[PDB]
């Protein structure tokens, strides 16, 4: 992907993570999903889906007309209109799905990269980036990192 997080430096995903898309897995003395980034992502993929359904929602009633043997031209002219409008919509419908699928996969890729960055930014000098989406350093301190309240000045 463009942002090189999903199937990049974080090679694999977590099957244990069922609650949401993006989450934290620690290892201390003693797995959960981040509700800030994941809820904001769900909002974007419900508003996107609705807009796609809304843009296609307008209807027009295409009547079938009868023509005599001496009305060959106006019959051909009518069939052209129906065949040529359907081609434009078949193009639009197919093309929009290929364009938004590519953006959706890259949007998810960016959400992980941003969540990895904002944790690196709050921890500062205390931890070291392994380079596989991990940070070598209490359950409160691990919980203060999750909700983004960790004070590096304390440690």
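Residue numbers count along the first chain shown, from 1.
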Residue 137 to residue 138: deposited residues without atomic coordinates: 4 to 9
Count class of coordinate-free deposited residues lying between the neighbours residue 125 and residue 126: none
Residue range whose averaged C-alpha B-factor is higher in the record, 88 to 96 or 108 to 116: 108 to 116
Stretch with the higher entry mean CA B-factor, where the candidates are 32 to 40 and 51 to 59: 32 to 40
B-factor third for the C-alpha atom of residue 102 within its chain: lowest
Lowest, middle or highest third - CA B-factor, residue 46: middle
